[PDB]
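**Q** Attaching a single structure in structure tokens format; questions to follow.
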Amino acid sequence: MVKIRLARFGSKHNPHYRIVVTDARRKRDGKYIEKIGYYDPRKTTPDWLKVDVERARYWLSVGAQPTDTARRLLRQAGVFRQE
Amino acid sequence: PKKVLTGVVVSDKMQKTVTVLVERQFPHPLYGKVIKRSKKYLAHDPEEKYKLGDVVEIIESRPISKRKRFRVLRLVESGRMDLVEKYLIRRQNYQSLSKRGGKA
Amino acid sequence: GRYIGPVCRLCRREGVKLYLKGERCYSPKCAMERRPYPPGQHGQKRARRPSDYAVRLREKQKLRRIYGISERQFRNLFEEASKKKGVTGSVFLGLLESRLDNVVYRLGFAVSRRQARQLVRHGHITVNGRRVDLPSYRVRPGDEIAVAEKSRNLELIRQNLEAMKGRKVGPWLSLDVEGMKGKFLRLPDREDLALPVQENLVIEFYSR
Amino acid sequence: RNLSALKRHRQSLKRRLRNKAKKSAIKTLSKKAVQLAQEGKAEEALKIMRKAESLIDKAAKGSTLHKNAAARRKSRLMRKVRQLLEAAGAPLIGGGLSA
RNA sequence: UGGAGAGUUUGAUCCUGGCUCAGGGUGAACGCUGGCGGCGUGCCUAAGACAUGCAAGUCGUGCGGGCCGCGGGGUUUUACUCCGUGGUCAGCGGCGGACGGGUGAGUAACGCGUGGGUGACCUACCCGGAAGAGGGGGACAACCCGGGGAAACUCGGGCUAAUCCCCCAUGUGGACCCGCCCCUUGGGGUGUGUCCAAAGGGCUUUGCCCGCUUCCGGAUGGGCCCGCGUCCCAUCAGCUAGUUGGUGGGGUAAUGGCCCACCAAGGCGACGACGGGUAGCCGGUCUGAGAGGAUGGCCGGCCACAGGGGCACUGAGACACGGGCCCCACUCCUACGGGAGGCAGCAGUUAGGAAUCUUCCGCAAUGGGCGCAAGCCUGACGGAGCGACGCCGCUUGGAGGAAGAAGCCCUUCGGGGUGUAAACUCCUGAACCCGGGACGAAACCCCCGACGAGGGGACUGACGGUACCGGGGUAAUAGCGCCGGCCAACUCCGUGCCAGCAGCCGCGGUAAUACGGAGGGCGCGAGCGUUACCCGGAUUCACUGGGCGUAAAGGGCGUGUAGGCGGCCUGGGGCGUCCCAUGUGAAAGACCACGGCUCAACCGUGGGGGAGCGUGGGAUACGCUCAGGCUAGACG
Ligand SMILES: [Mg+2]
Ligand SMILES: [Mg+2]
Ligand SMILES: [Mg+2]
Ligand SMILES: [Mg+2]
Ligand SMILES: [Mg+2]
Ligand SMILES: [Mg+2]
Ligand SMILES: [Mg+2]
Ligand SMILES: [Mg+2]
Ligand SMILES: [Mg+2]
Ligand SMILES: [Mg+2]
Ligand SMILES: [Mg+2]
Ligand SMILES: [Mg+2]
Ligand SMILES: [Mg+2]
Ligand SMILES: [Mg+2]
Ligand SMILES: [Mg+2]
Ligand SMILES: [Mg+2]
Ligand SMILES: [Mg+2]
Ligand SMILES: [Mg+2]
Ligand SMILES: [Mg+2]
Ligand SMILES: [Mg+2]
Ligand SMILES: [Mg+2]
Ligand SMILES: [Mg+2]
Ligand SMILES: [Zn+2]
């Protein structure tokens, strides 16, 4: 089941995730189908979260199932905001 | 695209199958001289149609037998043993170099 | 860590005079003042014609012993100037001249390079506010290099910034003796520095 | 010891027996049908064909035969039977055979 | 944006030539020495053997029970029995257990790489669309009774639930045979015939949630096939009978000799078959001016394996590391009949070895399985631990301070050196004490709102009282190699071809800058040196870029097969070759830019480059090909 989750790319005590689209069975840091964003849990830079919402929306358009956190970050960048 | 190839039918001895001798050419990776290498494919010819000496186009196909993944797509130019020759003779030399030797 | 040990012996071995002490190195005492010869039991014996190696080795030892730096660091700094565009000889000097401990020294905050190092280490320095105690910190254009407010009362910092009254400063610098500040305007160029060094040699030495 | 998921083996076994039985009926009836048709028995040769067809499609209900495996069987069966009947056949019941 | 050479064959010389060194690198190890921190890394041998703990479970919102307890009922009491409810245990059923983690034994192969093919295929869960869920029957555990066994465990009999299994119905539809049409390998449409569906559960219970069935489509993941690439030996030259092809059949999701019967006699090979050896392959990595050489640990991708061999079962998926059977070996239990095991999972033990760590903390974060959810499991993971194993950062102080203490070394005995070094003065103030104390964590959930969008609320950190901040505050580790030349650094003494050094040339037989110590010096510095291996130097396997009269090197000569190479003019083709566009060339790494941690190491973001191959379009000088012509080669 393809998903939209985070992939650990930081470094010790310096986490930096990559909001990715990957089959559900791969190592969390394994080969992903497509990157679609990143996330700096510690906001160590003005820009600490981006999400190709155009893309997200697409994957969700096809069974992409986001981690609870992955969904959080997404939402937080009007990924679902249907105003 | 299903790879399409060209060659001479050097073998006609089988039923519904022909041996196409596809010649390849390319530069040697380290010495660069262009070198002519080659290989035999057993093309599928259901109607017997193609006879020894023809030049046919071979086309990548669904397996037909072990060691046989090509079908004769079409005839390029009929008859010309001048090519079958090279082949046959080359083989004939083999029939020597080992313990005795092959006539020049 | 850094050399640490009799320093004027280097002054002597290198022939050229190196200012690894600030004061005194001006007084008739840098020893290069009546004793411009190398240390040890052979200092005064005739010198045999140095080998191509010797020359390059010495030239490097010189430049490096100036900024008082570990060959390790020195080398990597070099290899860096090497990759970067621009005449390597220059780029390299520009980089050595960008070490925080160097600037603190080039700004009269400190009497010598060693001392400036310690000031940086004991946190008596500022870099656009935030204090930085990494003597090998790369000071870059625009960076203001202050002095610890807390330290601004320190006799040493006072005496130093005092005599600094009057003294001009490098054209790639500029210091406000009042608030004990100074700005790193631009990477000094080869012409800007007057080091008793032939960097064409230092380059050649790492050629081998 | 005792990785309670022994249960899986436990179950696997039952299923095996279940499947194993399902297929025997299939084969049996299939021959039953082919053999008939062979010796031209039309009417009844098809009657049995149908039951067979059914059992097969049924196996594909669950994970017994499932998929094309079922499809194959059906065609290979109908082929054999329809052909075999060409021995003066005249498919009466027309059973599963399309007129 | 890029390339250094030196020593050594002679009395001397030039050339040839081998050897040797300086450099870079290492999952290292060994020696002397060793202070702090960050990141990273750590069985390279016995794919040897393993104690103990842990490492995959989860659903009571699919079903029925056993046991222990409580409360309330039908009971006048008693017996019996009904309901609710707590605890606990497995059973049935479902999903997961095919991922994640390990290792590299085997494999020279469609294994891997790259680019394609699939009208020859599959894909649980997820997403979109269409339609549906009507009725009936049954069994087996649990439980109960009996039997066998030392045990592991087993056999028989009886009861029962379900989303367990079966039958009939509905046929949206789909499946098969046949016909027809369009398509072109088995793609798609259509007509008759036959065949095939379903299961329930929960409630804030006339609706909403979870779930079930059939079909189509998507998304992801995968099978299979094909072109090209992929080490050494020809002191391996011929290999082959399911072997090569065919017809029919089995088999699978699917093509296929994959398997089988029958038929044919084929298939492969010097462009190196067969055989032997060695080896997982790749992105990369190391070195190099490059070409190239070497390599494939850590990280990511693929493959293979799970004590050795074979086999299937269940399943969407396995031939299934912590599932099954059999054989072998080994180990343990055995009442000797017979049983139980498999750390190449984390940690740990033992053995082997020059050599490789904690039986740690945590589930808080990320990710994974189950669950409506709360939540449970997670040695995956996030962290801490030990080891200078690597990289980067940092300290052992700073300034002053004699024509220059003492000691030690040398002396031409005048003096020279260690050396501003020390002593000493003053300044700062690692360690260390005190106080404050973190980002990483906002979701899931709850409430308003429709369980949507949107808004509010609550819970939650191992690391850790660590990072960091502020106050106080001590001058507070330095070692190792080398000094004949290559090669930076010279003297005295001791020894006397001895003891010893040694990478090569060499040094030592009483004036040794070459041994041993000392003084002094050169180089690096919490490291320094050694050994081992790879690239370099080595244009010393020479494509870039080597040579063969006498240095190593022309075959004893010819005739000639394959192969390599091919005069002048013109035309067609456009295979090579050149160009353009386009797809691919994953991430990581490399390069550039900016950014985050006081810097850097490390890390984040963005950008550019990239051979090779696929597709389309173009060019035609050269090479190829075909055709025509020619006489300058050749032949007559
Ligand atoms: Mg000589
Ligand atoms: Mg030589
Ligand atoms: Mg082999
Ligand atoms: Mg019974
Ligand atoms: Mg219909
Ligand atoms: Mg039915
Ligand atoms: Mg091996
Ligand atoms: Mg080279
Ligand atoms: Mg099955
Ligand atoms: Mg195990
Ligand atoms: Mg967790
Ligand atoms: Mg989780
Ligand atoms: Mg010298
Ligand atoms: Mg002597
Ligand atoms: Mg070479
Ligand atoms: Mg050459
Ligand atoms: Mg030569
Ligand atoms: Mg000779
Ligand atoms: Mg001759
Ligand atoms: Mg020509
Ligand atoms: Mg072309
Ligand atoms: Mg920065
Ligand atoms: Zn001086």
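Labels for the structure tokens follow display order: chains A, B, ..., residues from 1 in each chain, ligands from 1.
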Excluding same-chain residues fewer than 2 positions from stretch 591-599 of chain E, what lies within 6 Å of it counting only C-alpha atoms (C1' of nucleotides), as number ranges by chain?

**A** C: 132, 134, 137

**Q** For the selection you just gave me, I'd like the residues written to a file as a short mmCIF file (atom, residue, chain, number, x, y, z; two decimals), in the first residue's frame, keeping N, CA, C and O atoms.

**A**
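The resulting out_22.cif:
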```cif
data_model
loop_
_atom_site.label_atom_id
_atom_site.label_comp_id
_atom_site.auth_asym_id
_atom_site.auth_seq_id
_atom_site.Cartn_x
_atom_site.Cartn_y
_atom_site.Cartn_z
N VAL C 132 32.44 33.96 19.70
CA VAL C 132 32.99 32.80 19.00
C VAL C 132 34.39 32.53 19.54
O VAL C 132 35.28 33.36 19.39
N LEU C 134 36.35 29.95 18.62
CA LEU C 134 37.02 29.05 17.68
C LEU C 134 38.04 29.86 16.89
O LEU C 134 37.72 30.49 15.89
N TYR C 137 37.89 30.10 13.24
CA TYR C 137 36.62 30.53 12.67
C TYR C 137 36.88 31.41 11.44
O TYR C 137 37.72 32.33 11.47
#
```

**Q** Report as a Markdown table the residues of chain E within 12 Å of ligand 9, each with its shortest atom pair and distance in Å (one decimal), using only C-alpha atoms (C1' of nucleotides) and all ligand atoms, ordered by chain and increasing residue number.

**A**
```
| residue | atom | partner | partner_atom_place_in_ligand_line | distance |
| --- | --- | --- | --- | --- |
| E:252 | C1' | ligand 9 | 1 (Mg) | 11.2 |
| E:253 | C1' | ligand 9 | 1 (Mg) | 11.2 |
| E:312 | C1' | ligand 9 | 1 (Mg) | 11.5 |
| E:313 | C1' | ligand 9 | 1 (Mg) | 8.8 |
| E:314 | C1' | ligand 9 | 1 (Mg) | 7.1 |
| E:315 | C1' | ligand 9 | 1 (Mg) | 5.7 |
| E:316 | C1' | ligand 9 | 1 (Mg) | 9.7 |
| E:317 | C1' | ligand 9 | 1 (Mg) | 9.7 |
| E:318 | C1' | ligand 9 | 1 (Mg) | 10.6 |
| E:319 | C1' | ligand 9 | 1 (Mg) | 11.7 |
```

**Q** If DSSP is run on the backbone, what residues of chain A are strand (DSSP E or B)? A reply as a VMD selection string would be ideal.

**A** chain A and resid 3 to 8 17 to 22 34 to 39 49 to 51 65 to 66

**Q** Define the interface residues of chain E facing chain D as those within 6 Å, counting only C-alpha atoms (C1' of nucleotides), and report them as a ChimeraX atom specification.

**A** /E:176-178,193-196,314

**Q** Identify, counting only C-alpha atoms (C1' of nucleotides) and all ligand atoms, the protein, DNA and RNA residues located within 9 Å of ligand 12, and give them as an MDAnalysis selection string.

**A** (chainID A and resid 67:68) or (chainID E and resid 363 366:368)

**Q** Taking only C-alpha atoms (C1' of nucleotides) and all ligand atoms into account, which residues are within 10 Å of ligand 23, as a list in words?

**A**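 Final answer, ordered by chain and number: residues 6, 7, 8, 9, 10, 11, 12, 16, 17, 18, 19, 20, 21, 22, 23, 24, 25, 26, 27, 28, 29, 30, 31, 32 and 33 of chain C; 420 of chain E.
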
**Q** Just the selected residues (N, CA and C atoms (P, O5', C5', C4', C3', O3' and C1' of nucleotides)), exported as a PDB file, in the first residue's frame, please.

**A**
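The file below, result04.pdb, is the result:
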```pdb
ATOM      1  N   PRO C   6      59.700  27.662  22.814  1.00  0.00           N
ATOM      2  CA  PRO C   6      60.506  28.805  22.386  1.00  0.00           C
ATOM      3  C   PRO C   6      60.123  29.199  20.965  1.00  0.00           C
ATOM      4  N   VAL C   7      59.695  30.442  20.810  1.00  0.00           N
ATOM      5  CA  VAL C   7      59.271  30.908  19.511  1.00  0.00           C
ATOM      6  C   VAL C   7      60.333  31.662  18.723  1.00  0.00           C
ATOM      7  N   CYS C   8      61.176  32.435  19.400  1.00  0.00           N
ATOM      8  CA  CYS C   8      62.196  33.186  18.678  1.00  0.00           C
ATOM      9  C   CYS C   8      63.259  32.276  18.039  1.00  0.00           C
ATOM     10  N   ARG C   9      63.204  30.983  18.339  1.00  0.00           N
ATOM     11  CA  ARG C   9      64.155  30.048  17.738  1.00  0.00           C
ATOM     12  C   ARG C   9      63.701  29.822  16.298  1.00  0.00           C
ATOM     13  N   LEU C  10      62.387  29.896  16.086  1.00  0.00           N
ATOM     14  CA  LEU C  10      61.795  29.748  14.761  1.00  0.00           C
ATOM     15  C   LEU C  10      62.209  31.001  14.025  1.00  0.00           C
ATOM     16  N   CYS C  11      62.014  32.140  14.694  1.00  0.00           N
ATOM     17  CA  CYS C  11      62.382  33.448  14.151  1.00  0.00           C
ATOM     18  C   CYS C  11      63.786  33.262  13.539  1.00  0.00           C
ATOM     19  N   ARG C  12      64.711  32.762  14.359  1.00  0.00           N
ATOM     20  CA  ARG C  12      66.096  32.554  13.949  1.00  0.00           C
ATOM     21  C   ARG C  12      66.339  31.518  12.852  1.00  0.00           C
ATOM     22  N   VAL C  16      64.383  35.116   8.359  1.00  0.00           N
ATOM     23  CA  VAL C  16      63.473  36.253   8.407  1.00  0.00           C
ATOM     24  C   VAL C  16      62.954  36.448   9.831  1.00  0.00           C
ATOM     25  N   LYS C  17      62.501  37.659  10.112  1.00  0.00           N
ATOM     26  CA  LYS C  17      61.975  38.012  11.418  1.00  0.00           C
ATOM     27  C   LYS C  17      60.475  37.730  11.407  1.00  0.00           C
ATOM     28  N   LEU C  18      59.992  37.026  12.423  1.00  0.00           N
ATOM     29  CA  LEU C  18      58.571  36.727  12.520  1.00  0.00           C
ATOM     30  C   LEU C  18      58.089  37.396  13.792  1.00  0.00           C
ATOM     31  N   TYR C  19      56.928  38.032  13.716  1.00  0.00           N
ATOM     32  CA  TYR C  19      56.396  38.719  14.883  1.00  0.00           C
ATOM     33  C   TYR C  19      55.433  37.826  15.650  1.00  0.00           C
ATOM     34  N   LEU C  20      55.992  36.870  16.384  1.00  0.00           N
ATOM     35  CA  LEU C  20      55.179  35.933  17.141  1.00  0.00           C
ATOM     36  C   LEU C  20      55.064  36.360  18.603  1.00  0.00           C
ATOM     37  N   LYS C  21      55.353  37.633  18.861  1.00  0.00           N
ATOM     38  CA  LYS C  21      55.306  38.170  20.215  1.00  0.00           C
ATOM     39  C   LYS C  21      54.794  39.608  20.342  1.00  0.00           C
ATOM     40  N   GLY C  22      54.651  40.300  19.220  1.00  0.00           N
ATOM     41  CA  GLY C  22      54.194  41.674  19.291  1.00  0.00           C
ATOM     42  C   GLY C  22      55.300  42.529  19.884  1.00  0.00           C
ATOM     43  N   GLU C  23      55.071  43.097  21.069  1.00  0.00           N
ATOM     44  CA  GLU C  23      56.077  43.945  21.709  1.00  0.00           C
ATOM     45  C   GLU C  23      57.393  43.188  21.789  1.00  0.00           C
ATOM     46  N   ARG C  24      58.483  43.888  22.074  1.00  0.00           N
ATOM     47  CA  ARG C  24      59.797  43.254  22.151  1.00  0.00           C
ATOM     48  C   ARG C  24      60.267  42.882  20.762  1.00  0.00           C
ATOM     49  N   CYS C  25      59.400  42.230  19.993  1.00  0.00           N
ATOM     50  CA  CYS C  25      59.776  41.843  18.642  1.00  0.00           C
ATOM     51  C   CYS C  25      60.069  43.138  17.883  1.00  0.00           C
ATOM     52  N   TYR C  26      59.954  44.265  18.581  1.00  0.00           N
ATOM     53  CA  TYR C  26      60.264  45.566  17.998  1.00  0.00           C
ATOM     54  C   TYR C  26      61.441  46.129  18.770  1.00  0.00           C
ATOM     55  N   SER C  27      61.511  45.767  20.048  1.00  0.00           N
ATOM     56  CA  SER C  27      62.593  46.204  20.921  1.00  0.00           C
ATOM     57  C   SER C  27      63.862  45.511  20.459  1.00  0.00           C
ATOM     58  N   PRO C  28      65.025  46.112  20.737  1.00  0.00           N
ATOM     59  CA  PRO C  28      66.271  45.472  20.317  1.00  0.00           C
ATOM     60  C   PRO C  28      66.410  44.152  21.072  1.00  0.00           C
ATOM     61  N   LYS C  29      65.507  43.214  20.791  1.00  0.00           N
ATOM     62  CA  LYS C  29      65.534  41.924  21.458  1.00  0.00           C
ATOM     63  C   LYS C  29      64.929  40.741  20.699  1.00  0.00           C
ATOM     64  N   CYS C  30      64.285  40.957  19.548  1.00  0.00           N
ATOM     65  CA  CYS C  30      63.688  39.824  18.816  1.00  0.00           C
ATOM     66  C   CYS C  30      64.780  38.826  18.462  1.00  0.00           C
ATOM     67  N   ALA C  31      65.980  39.102  18.993  1.00  0.00           N
ATOM     68  CA  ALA C  31      67.209  38.318  18.818  1.00  0.00           C
ATOM     69  C   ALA C  31      67.672  38.346  17.382  1.00  0.00           C
ATOM     70  N   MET C  32      66.730  38.460  16.454  1.00  0.00           N
ATOM     71  CA  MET C  32      67.114  38.561  15.062  1.00  0.00           C
ATOM     72  C   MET C  32      67.938  39.848  15.066  1.00  0.00           C
ATOM     73  N   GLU C  33      67.947  40.475  16.240  1.00  0.00           N
ATOM     74  CA  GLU C  33      68.705  41.679  16.499  1.00  0.00           C
ATOM     75  C   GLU C  33      69.961  41.101  17.148  1.00  0.00           C
TER      76      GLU C  33
ATOM     77  P     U E 420      67.103  32.745  22.428  1.00  0.00           P
ATOM     78  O5'   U E 420      65.939  32.759  23.517  1.00  0.00           O
ATOM     79  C5'   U E 420      64.959  33.798  23.513  1.00  0.00           C
ATOM     80  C4'   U E 420      63.769  33.414  24.348  1.00  0.00           C
ATOM     81  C3'   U E 420      62.598  34.384  24.182  1.00  0.00           C
ATOM     82  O3'   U E 420      61.350  33.690  24.260  1.00  0.00           O
ATOM     83  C1'   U E 420      63.228  34.280  26.444  1.00  0.00           C
TER      84        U E 420
END
```

**Q** List as JSON lines every residue of chain E that is in contact with chain B, defined as an atom at most 7 Å from one of its atoms (using only C-alpha atoms (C1' of nucleotides)), together with the nearest atom pair and the distance in Å rounded to one decimal, sorted by chain and then rising number.

**A**
```
{"residue": "E:116", "atom": "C1'", "partner": "B:1", "partner_atom": "CA", "distance": 6.2}
{"residue": "E:117", "atom": "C1'", "partner": "B:2", "partner_atom": "CA", "distance": 5.7}
{"residue": "E:120", "atom": "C1'", "partner": "B:62", "partner_atom": "CA", "distance": 6.9}
{"residue": "E:225", "atom": "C1'", "partner": "B:63", "partner_atom": "CA", "distance": 6.7}
{"residue": "E:226", "atom": "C1'", "partner": "B:60", "partner_atom": "CA", "distance": 6.5}
{"residue": "E:227", "atom": "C1'", "partner": "B:3", "partner_atom": "CA", "distance": 6.8}
{"residue": "E:237", "atom": "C1'", "partner": "B:98", "partner_atom": "CA", "distance": 5.8}
{"residue": "E:245", "atom": "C1'", "partner": "B:14", "partner_atom": "CA", "distance": 5.6}
{"residue": "E:246", "atom": "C1'", "partner": "B:15", "partner_atom": "CA", "distance": 5.8}
{"residue": "E:255", "atom": "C1'", "partner": "B:63", "partner_atom": "CA", "distance": 5.4}
{"residue": "E:256", "atom": "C1'", "partner": "B:65", "partner_atom": "CA", "distance": 5.4}
{"residue": "E:257", "atom": "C1'", "partner": "B:66", "partner_atom": "CA", "distance": 6.7}
{"residue": "E:266", "atom": "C1'", "partner": "B:14", "partner_atom": "CA", "distance": 6.9}
{"residue": "E:271", "atom": "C1'", "partner": "B:37", "partner_atom": "CA", "distance": 5.4}
{"residue": "E:543", "atom": "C1'", "partner": "B:31", "partner_atom": "CA", "distance": 5.0}
{"residue": "E:560", "atom": "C1'", "partner": "B:104", "partner_atom": "CA", "distance": 5.3}
{"residue": "E:561", "atom": "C1'", "partner": "B:104", "partner_atom": "CA", "distance": 4.1}
{"residue": "E:562", "atom": "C1'", "partner": "B:90", "partner_atom": "CA", "distance": 6.2}
```

**Q** Please write the residues from the selection above to a file, keeping C-alpha atoms (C1' of nucleotides), as a PDB file, in the first residue's frame.

**A**
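Here's the written file again_1.pdb:
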```pdb
ATOM      1  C1'   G E 116      13.712  -2.577 -24.128  1.00  0.00           C
ATOM      2  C1'   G E 117       9.420  -6.623 -24.629  1.00  0.00           C
ATOM      3  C1'   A E 120       2.300 -14.403 -22.656  1.00  0.00           C
ATOM      4  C1'   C E 225      11.551 -12.815 -22.173  1.00  0.00           C
ATOM      5  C1'   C E 226      15.136 -10.146 -25.188  1.00  0.00           C
ATOM      6  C1'   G E 227      19.860  -6.545 -27.301  1.00  0.00           C
ATOM      7  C1'   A E 237      39.559 -28.053 -28.138  1.00  0.00           C
ATOM      8  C1'   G E 245      13.674 -28.345 -33.419  1.00  0.00           C
ATOM      9  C1'   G E 246       8.510 -30.142 -34.344  1.00  0.00           C
ATOM     10  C1'   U E 255       5.753 -17.824 -22.343  1.00  0.00           C
ATOM     11  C1'   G E 256       9.034 -21.903 -22.658  1.00  0.00           C
ATOM     12  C1'   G E 257      11.864 -28.897 -23.222  1.00  0.00           C
ATOM     13  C1'   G E 266      19.478 -31.409 -34.997  1.00  0.00           C
ATOM     14  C1'   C E 271      33.998 -13.880 -32.377  1.00  0.00           C
ATOM     15  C1'   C E 543      44.741   3.057 -26.389  1.00  0.00           C
ATOM     16  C1'   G E 560      47.927 -20.763 -48.566  1.00  0.00           C
ATOM     17  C1'   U E 561      42.454 -21.024 -45.050  1.00  0.00           C
ATOM     18  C1'   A E 562      39.901 -17.773 -41.799  1.00  0.00           C
TER      19        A E 562
END
```

**Q** Distance limit 9 Å, reference ligand 8, atoms considered: only C-alpha atoms (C1' of nucleotides) and all ligand atoms. Which residues make the cut? Give them as a PyMOL selection string.

**A** chain E and resi 3+288-292+536-539

**Q** List all protein, DNA and RNA residues that have an atom no more than 8 Å from any atom of ligand 7, counting only C-alpha atoms (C1' of nucleotides) and all ligand atoms, and report them as number ranges by chain.

**A** E: 104-106, 279-280

**Q** Would you list the contacts of residue A:33 as a compact mmCIF listing (two decimals) with N, CA, C and O atoms, in the first residue's frame, taking every protein, DNA or RNA residue within 8 Å and counting only C-alpha atoms (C1' of nucleotides), but skipping same-chain residues closer than 5 positions in sequence?

**A**
```txt
# COMPACT_ATOMS: atom_id res chain seq x y z
N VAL A 20 7.95 11.70 1.76
CA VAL A 20 8.09 10.86 0.59
C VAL A 20 6.88 10.02 0.24
O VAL A 20 6.01 9.82 1.06
N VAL A 21 6.84 9.52 -1.00
CA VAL A 21 5.77 8.62 -1.42
C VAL A 21 6.50 7.33 -1.74
O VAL A 21 7.29 7.29 -2.68
N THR A 22 6.24 6.27 -0.98
CA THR A 22 6.92 5.01 -1.19
C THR A 22 6.01 3.85 -0.88
O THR A 22 5.08 4.02 -0.11
N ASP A 23 6.26 2.67 -1.46
CA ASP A 23 5.41 1.52 -1.14
C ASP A 23 5.56 1.35 0.37
O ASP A 23 6.61 1.67 0.93
```

**Q** Quick check, in Å to one decimal: how far apart do atom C1' of residue E:23 and atom CA of residue C:75 lie?

**A**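 Distance reported for this atom pair: 14.5 Å.
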